[PDB]
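As structure tokens, the structure follows; a few thoughts come after it.
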Amino acid sequence: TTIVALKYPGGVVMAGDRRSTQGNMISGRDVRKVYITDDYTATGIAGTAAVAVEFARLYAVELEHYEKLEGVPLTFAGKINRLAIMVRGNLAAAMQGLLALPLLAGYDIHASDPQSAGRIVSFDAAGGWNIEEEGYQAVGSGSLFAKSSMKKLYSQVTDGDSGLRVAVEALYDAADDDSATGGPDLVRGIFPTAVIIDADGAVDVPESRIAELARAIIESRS
Amino acid sequence: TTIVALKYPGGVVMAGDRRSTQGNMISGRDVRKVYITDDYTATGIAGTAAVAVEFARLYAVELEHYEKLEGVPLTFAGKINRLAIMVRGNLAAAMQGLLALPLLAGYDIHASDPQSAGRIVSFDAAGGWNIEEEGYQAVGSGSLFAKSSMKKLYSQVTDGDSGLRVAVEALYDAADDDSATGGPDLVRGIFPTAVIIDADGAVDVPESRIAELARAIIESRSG
Amino acid sequence: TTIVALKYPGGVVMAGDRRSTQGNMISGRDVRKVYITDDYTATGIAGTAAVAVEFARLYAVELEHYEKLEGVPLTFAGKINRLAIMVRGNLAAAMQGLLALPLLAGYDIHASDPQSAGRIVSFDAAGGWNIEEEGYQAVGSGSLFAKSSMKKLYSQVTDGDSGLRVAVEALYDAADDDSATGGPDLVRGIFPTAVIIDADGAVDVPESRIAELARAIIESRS
Amino acid sequence: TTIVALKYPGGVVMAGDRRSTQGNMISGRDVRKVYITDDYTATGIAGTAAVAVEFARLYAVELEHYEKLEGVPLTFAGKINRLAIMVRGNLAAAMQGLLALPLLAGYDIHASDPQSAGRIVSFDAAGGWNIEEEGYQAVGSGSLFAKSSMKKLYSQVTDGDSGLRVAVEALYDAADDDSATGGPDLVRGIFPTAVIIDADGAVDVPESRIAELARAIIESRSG
Amino acid sequence: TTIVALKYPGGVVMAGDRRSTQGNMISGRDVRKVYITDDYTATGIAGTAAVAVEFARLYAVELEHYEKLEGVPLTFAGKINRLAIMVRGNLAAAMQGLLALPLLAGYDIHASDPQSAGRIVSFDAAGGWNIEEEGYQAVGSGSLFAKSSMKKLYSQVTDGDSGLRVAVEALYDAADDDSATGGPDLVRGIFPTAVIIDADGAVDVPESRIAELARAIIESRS
Amino acid sequence: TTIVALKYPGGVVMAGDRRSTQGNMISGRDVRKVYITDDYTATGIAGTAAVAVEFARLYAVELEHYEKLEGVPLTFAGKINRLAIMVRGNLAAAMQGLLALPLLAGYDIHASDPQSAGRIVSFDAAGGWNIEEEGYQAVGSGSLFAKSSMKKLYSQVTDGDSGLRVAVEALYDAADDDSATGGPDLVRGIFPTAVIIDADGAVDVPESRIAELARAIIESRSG
Amino acid sequence: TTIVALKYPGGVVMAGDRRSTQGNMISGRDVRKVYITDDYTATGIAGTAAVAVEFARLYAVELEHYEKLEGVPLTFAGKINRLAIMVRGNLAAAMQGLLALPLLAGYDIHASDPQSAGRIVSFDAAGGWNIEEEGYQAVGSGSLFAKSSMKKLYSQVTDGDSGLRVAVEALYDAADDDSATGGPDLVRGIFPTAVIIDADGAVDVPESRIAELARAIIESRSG
Ligand SMILES: COC[C@H](NC(=O)[C@H](CC(=O)NOC(C)(C)C)NC(=O)c1cc(C)on1)C(=O)NCc1cccc2ccccc12
Ligand SMILES: COC[C@H](NC(=O)[C@H](CC(=O)NOC(C)(C)C)NC(=O)c1cc(C)on1)C(=O)NCc1cccc2ccccc12
Ligand SMILES: COC[C@H](NC(=O)[C@H](CC(=O)NOC(C)(C)C)NC(=O)c1cc(C)on1)C(=O)NCc1cccc2ccccc12
Ligand SMILES: COC[C@H](NC(=O)[C@H](CC(=O)NOC(C)(C)C)NC(=O)c1cc(C)on1)C(=O)NCc1cccc2ccccc12
Ligand SMILES: COC[C@H](NC(=O)[C@H](CC(=O)NOC(C)(C)C)NC(=O)c1cc(C)on1)C(=O)NCc1cccc2ccccc12
Ligand SMILES: COC[C@H](NC(=O)[C@H](CC(=O)NOC(C)(C)C)NC(=O)c1cc(C)on1)C(=O)NCc1cccc2ccccc12
Ligand SMILES: COC[C@H](NC(=O)[C@H](CC(=O)NOC(C)(C)C)NC(=O)c1cc(C)on1)C(=O)NCc1cccc2ccccc12
């Protein structure tokens with residue numbers, strides 16, 4: 001698994017691969033790991049599939065639950081604290097093999113500057129968290145390759161489209177060096193999934209755009 | 001990790017590094033470990049990140065909770081006892097790897113002499129505490145280097161600025177001998193965080209003065 | 001520890017960091033990890049210091065021993081096999097904590113094409129080896145970060161100078177993300193060690209050149 | 001145990017404390033831990049007493065053995081390699097509790113400049129070694145405190161005597177923060193042992209000189 | 001740690017050293033291990049600092065609690081029983097390393113003879129206790145050296161001052177043979193703490209007198 | 001530890017030594033191991049001191065409690081069952097090292113023959129018990145030696161004094177072969193404690209009397 | 001077990017108790033633990049009986065063997081080194097429970113000053129040794145009590161007789177606080193064994209003098 005998220009002027013982008021494995025065997029090619037959990041936040045999770053899906057689902061339910069009960073959504077800090085408390089809740093099972101780590105990307109509608117309102121938060125198995133001031137982050141077995149790629153490709157990020165490109169290329173390098181992360185399947189037409197979040201909210205990036213960016217990277221490398 | 005705190009005439013200073021690690025890997029460069037827990041108290045914590053942040057947050061809430069309920073803040077002894085009780089509460093989990101040790105620095109507004117009203121209190125995993133009557137203390141994987149540096153540099157502390165400088169220098173020696181402690185990152189402009197507390201209260205030291213003290217020490221060591 | 005090696009047109013370069021650690025504690029700043037083992041080969045080793053220096057020293061002695069006994073040096077394949085057998089000999093102790101992995105860089109004087117006579121060979125704890133065809137390779141606790149940096153910077157290698165620059169930059173990224181790898185110490189003036197090898201043999205790169213490249217990289221990043 | 005060694009202009013100095021312990025119990029007050037191993041090298045050992053003394057004894061015998069067999073002393077590098085091979089020989093017993101680490105101080109008569117001919121070499125349990133070019137080094141349970149003291153006191157080293165003072169003061173700080181390291185006993189008149197090495201060879205520092213330096217340090221610390 | 005207590009005609013004395021250790025490291029020089037627990041009782045504790053201080057504090061609270069609730073202080077036997085029950089309560093934690101043993105010194109205001117009203121009680125980790133008639137007792141890592149010293153010096157005890165001296169000298173021998181016990185620090189001016197208890201109650205011995213006696217013994221041995 | 005009890009015509013006697021040990025170290029010389037638990041019953045206990053005293057105190061309280069609640073003391077069988085249930089209750093702690101075994105001696109006022117009203121009951125760590133129909137019994141680390149001595153000396157028991165004597169002599173042989181059992185300390189004047197019980201109740205034997213018997217035995221052994 | 005040795009003007013004295021135990025059980029009252037190993041050295045050993053006596057026997061044989069082969073006895077340093085090497089050889093078995101530590105007292109015929117020619121050397125399980133300058137030393141389960149007693153009684157040592165008295169009194173205090181060490185048995189007439197060594201050699205001290213000193217000490221403590 002590899003999930004990337006990066007800040008661009010006025011927004012954030014998050015993308016994740018599509019592969020599911022049981023040991024060395026490939027058990028899935030179309031799996032979705034990045035979910036829109038609220039109008040201004042997306043979550044991508046790596047680890048045991050059952051645990052990850054329950055995380056995303058229950059988290060979305062918790063945020064909207066608070067919103068309907070109290071008439072206003074949580075502050076971003078609140079969203080972070082709730083996700084952290086959930087992650088730490090799972091620590092016992094994680095020590096027994098049911099480990100799952102999330103990566104949170106959001107747009108803080110209450111931020112001062114609408115261009116640096118993007119937010120990227122990473123978490124550890126004990127619920128600790130860090131708000132990323134450096135612009136990008138990743139999670140999963142390929143996260144090191146993706147972070148190290150984005151370290152070199154990040155200067156090219158000037159808008160949402162260049163940022164999406166850099167994200168997909170980071171996933172490309174991750175899948176290049178990690179067998180548990182799946183690259184773009186040009187035969188089956190399966191590509192990473194991506195979500196973009198700006199002042200207008202969070203929207204799923206269409207499959208075709210990701211396809212074009214993939215083929216562009218592939219032919220750039222040949 | 002290294003957190004240092006020292007008393008200067010009429011106040012106390014506490015500063016902490018910015019590095020977060022998973023084993024040998026550097027997982028963070030901007031992490032904040034020193035928090036103002038109440039108008040006259042700051043706490044810096046070392047150890048598992050999750051437990052450290054939960055400690056600081058819950059502790060701040062506990063103090064102010066008492067203050068709003070009873071109309072007066074806790075005595076400093078009370079603050080000490082509460083932090084200790086919290087740590088001892090965590091001892092069981094700590095023995096399973098979730099260890100976190102705090103260091104408390106405060107200004108006792110009810111003390112007899114406002115010159116020596118500074119307080120530095122250290123803790124162990126079992127809830128033990130020591131009120132330091134020798135002027136400085138540190139906690140974390142680099143704490144020994146920082147204490148031994150302050151042992152030689154402490155005689156130079158006469159003002160808030162000299163004390164702050166000695167603190168950041170202690171963190172410098174710590175980062176010099178401990179890879180788990182982050183030194184000043186001059187490329188990214190990331191420096192230790194510091195909080196100073198005197199009779200006027202507790203304030204975060206502005207980043208600029210820390211950068212100036214860092215770059216000053218770095219230049220001071222280059223021949 | 002991080003040791004890097006890359007091929008450039010007509011030669012090969014190898015560089016290594018200078019840090020020695022005992023757990024979290026820094027026990028050395030001037031440590032040398034890359035050794036010229038013969039007129040046309042250098043070896044860099046990662047792991048337990050005692051075992052690493054013992055490997056380098058014993059290996060150089062073994063190569064020159066064969067050379068004086070039989071009047072001609074070993075073929076490069078032979079040098080590879082002997083280093084491999086040494087690593088495989090240490091496997092038992094390696095499982096008990098005395099692990100050391102080598103990285104071999106050489107210039108094959110018997111190669112057909114002299115512009116591609118550079119050789120980079122990597123090893124595993126069981127004595128397996130691979131002659132690296134992609135131009136670069138690394139070993140050590142920061143090797144993943146350095147490989148991912150070279151993956152992006154390798155297009156810039158056209159001579160010995162650009163290749164050396166890329167090597168030092170890879171070590172810079174390694175030290176940037178790995179606390180067990182030491183970066184350039186501008187206060188003490190301690191920089192990585194490097195060895196460069198071409199048709200004229202293997203020579204130590206003078207420290208002042210590595211330094212100039214270091215400041216170039218740092219400055220480039222501010 | 002704490003053994004310190006530092007380079008001074010034209011020579012090297014090595015000193016060690018006098019305490020022997022069984023856990024918390026003090027089983028010795030006068031033990032000698034720094035030995036003259038040959039005309040131009042001294043060795044100090046920390047760890048299990050039996051293994052430490054056997055190290056020093058056997059090592060001296062081995063060096064003089066080579067000298068008598070081949071008519072010339074070993075090169076300094078050769079001396080290093082032999083001590084290292086010995087330690088690595090003890091690795092297994094060290095894993096079972098009989099650990100002993102040496103610290104080597106010497107004067108290389110074949111060095112280029114007779115000014116920086118001092119040599120200080122440290123070792124690890126597996127036989128690894130480091131030639132220390134930063135001028136000072138220590139080994140033992142108090143080595144971190146002593147190293148951190150010398151890091152601040154080293155600029156005062158300008159001759160053999162200032163270096164000797166800095167050695168004794170480092171051992172003082174070590175004993176100050178480490179209970180397994182013994183400080184100067186003014187009641188019994190027992191002080192650290194020292195060896196000085198220059199071009200004229202290695203000689204024991206006389207007890208009276210060290211006593212003077214110790215008392216100066218003590219009464220300097222009591223105002 | 002070493003805590004000593006001895007009976008003198010018409011009273012009792014208790015003294016304790018000032019050192020705090022973490023293994024071999026000295027983590028404290030000024031700690032106080034002897035506490036006045038009520039107008040006629042003092043307690044000194046050895047072992048884990050946290051447990052020791054909580055013992056002294058909670059014990060004082062318990063005694064004064066009974067006194068205010070029922071209008072009369074506990075009988076000495078009662079005080080003994082409560083301290084014992086506390087120590088027994090801690091047995092499990094002690095078995096996992098948080099061991100702390102107290103030593104109790106008091107003046108029994110209800111005693112038959114007002115000259116033998118001093119009381120010294122020792123405890124073990126399981127809540128057992130012994131009322132000491134041999135006249136002296138000690139606890140801590142140096143307790144054997146101090147007891148064996150007092151066995152020889154006790155005949156010199158005839159009043160409060162001779163008894164205090166003998167106590168400080170016992171602590172001197174304790175610190176002399178035990179690295180976990182601190183002797184008098186003439187540089188910092190830190191000396192053992194002592195409490196004296198007679199018919200007028202329990203009062204802290206001023207630091208000046210203990211310092212004088214410590215110097216007398218030191219210069220007596222040189 | 002050694003506690004003995006034996007029946008004589010019209011009564012029962014129980015005696016115990018005075019030594020307390022922590023491993024090989026002697027931690028007590030004046031200790032008391034035999035307690036009068038009610039007007040007609042005494043208990044002697046061996047094992048961990050804390051558990052033993054808790055047994056004696058709690059047991060006495062339980063018996064007198066029943067007596068005040070129901071207006072009549074328990075039958076002897078009932079007392080037996082209560083001690084048994086207490087001992088069984090302690091089984092878990094006993095496995096983990098807090099072992100304590102009692103020996104019960106009493107005078108049954110409801111017996112048919114007032115000369116055979118003496119009772120001796122022994123217990124095991126799991127609460128099993130046996131009423132001793134043979135005149136003597138002992139418990140503790142020297143219990144085997146005391147039993148083997150009484151096996152040879154029991155023929156001489158005809159009254160309270162002869163029985164008391166055989167008892168003290170059994171304690172003498174026990175202390176003679178077991179270092180955890182203390183013999184008579186003629187220097188400090190510390191002797192075993194004894195309790196005698198007849199139709200007139202249970203009384204402590206005065207220290208002076210046992211002293212006389214000890215000296216008598218010692219003289220008999222010197223020829 | 002307790003073995004003591006102390007230097008007196010011009011000689012050395014060693015004495016040891018007579019008790020042998022299997023755990024808490026006393027399996028011996030007459031054992032000898034101090035042996036004359038050569039004309040000028042005696043050794044007393046504590047620990048497993050089999051290993052201890054084997055040490056004494058084998059050591060005596062080794063020394064006399066060297067003397068007959070080479071025509072001259074070993075230097076004292078040589079004797080120490082051989083005893084230490086033997087102890088070290090036993091380390092493996094010792095960690096398996098067959099531990100035995102010796103204590104060596106001798107008279108060095110090659111010493112400069114015949115008044116300070118007495119030598120007392122102690123050993124640990126790994127073969128380490130210390131030559132005792134402090135004047136006295138002991139080994140065994142009661143060694144700490146005996147050493148702490150001699151610490152107060154040593155000023156009274158002025159000749160062989162005062163030294164012997166101080167040794168016996170040390171063994172008395174050791175046996176007073178340690179159950180594995182036997183005190184003087186006045187009923188059986190068994191007392192510690194002692195050996196005295198001066199320029200005329202090493203001789204067994206006659207039992208009568210030890211008995212006289214024992215009764216003197218006993219009366220001194222019983223008013
Ligand atoms: C590191 O481990 C790899 C992990 N693999 C896994 O998590 C696999 C999931 C799997 O293959 N299931 O089979 C089907 C349902 C697809 C047919 N666990 C297990 O097989 C498993 C776990 C336990 C316990 O027993 N079996 C993974 O693929 N993780 C990626 C992932 C992330 C977010 C959402 C996902 C949803 C579905 C599948 C994968 C998802
Ligand atoms: C265990 O000693 C090292 C410790 N490391 C840590 O505490 C790390 C924190 C971490 O790496 N998180 O990664 C993110 C959140 C940045 C993505 N825990 C763990 O890796 C961990 C432990 C268990 C169990 O599961 N995970 C540390 O560096 N501690 C330093 C530290 C001290 C005070 C406040 C802090 C606040 C935030 C981060 C760090 C802080
Ligand atoms: C195990 O990863 C950390 C490793 N460190 C080490 O390997 C250290 C070396 C060390 O610190 N020694 O201290 C002094 C006295 C030499 C200064 N060994 C040990 O700590 C060690 C291993 C055993 C067994 O016992 N001790 C390391 O830094 N390795 C890097 C390294 C690679 C190649 C050549 C080197 C030569 C010298 C020093 C380091 C070298
Ligand atoms: C490792 O822990 C501390 C170490 N202590 C020690 O090593 C002690 C020494 C000791 O007390 N011996 O007692 C006699 C010889 C005095 C009777 N042995 C053991 O604890 C020991 C360990 C095993 C196994 O067997 N014995 C020490 O103090 N070491 C300091 C030291 C360093 C160099 C040379 C020395 C020579 C003599 C004495 C000490 C020396
Ligand atoms: C291991 O037995 C030794 C024991 N040491 C200790 O108890 C030390 C005390 C300590 O160093 N704390 O650190 C600060 C707060 C001083 C900075 N804790 C621990 O070793 C410890 C235990 C666990 C679990 O985690 N840490 C001790 O010194 N005990 C002596 C002692 C007795 C009575 C009252 C005391 C009060 C304060 C300090 C000491 C006191
Ligand atoms: C375990 O067999 C030996 C046992 N000894 C003991 O039980 C000792 C007693 C002791 O030394 N206490 O300290 C003071 C209060 C005396 C200073 N505790 C322990 O060994 C002990 C056990 C645990 C757990 O922690 N400590 C013993 O001697 N038992 C004999 C005994 C029997 C009946 C009543 C007694 C009353 C007081 C003392 C002893 C008594
Ligand atoms: C376990 O530490 C105590 C030790 N006791 C002992 O060493 C006892 C001696 C013993 O009782 N043997 O029984 C006979 C010989 C009387 C039949 N061995 C054992 O208990 C033992 C150990 C193993 C293994 O198997 N048996 C001891 O008493 N040591 C004292 C001692 C020291 C020097 C010379 C001695 C000579 C004879 C007897 C004792 C001597």
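In the structure tokens, each chain is lettered A, B, ... as it comes, each chain's residues begin at 1, and ligands are numbered from 1 in order of appearance.
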
* Quick one: residues within 12 Å of residue 103 (chain G), only C-alpha atoms counted, chain neighbours fewer than 2 positions away excluded, as a count of residues only? -> 50

* **Given 8 Å and only C-alpha atoms and all ligand atoms, residues near ligand 3 as a PyMOL selection string** => (chain C and resi 1+18-23+26-28+31-34+44-50+52-53+97-99+180) or (chain D and resi 91+121-130)

* To do: Select, from B:53, B:99, B:109, B:168, the residue with the minimum atom-to-atom distance to ligand 5, counting only C-alpha atoms and all ligand atoms.
  =>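 Smallest distance to ligand 5 is found for B:99.
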
* **Residues of chain D within 10 Å of chain G, only C-alpha atoms counted, as a PyMOL selection string** => chain D and resi 20+27-31+48-54+98

* **Nearest-residue call for chain D, choices C:29, C:152, C:110, C:209, using only C-alpha atoms** =>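 Of the candidates, the smallest distance to chain D is held by C:29.
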
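The interatomic distance for the pair CA of residue 36 (chain A) and CA of residue 143 (chain A) works out to 20.6 Å.
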
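Distance criterion 7 Å to chain G, applied with only C-alpha atoms, yields residues 145, 148 and 149 of chain E on chain E.
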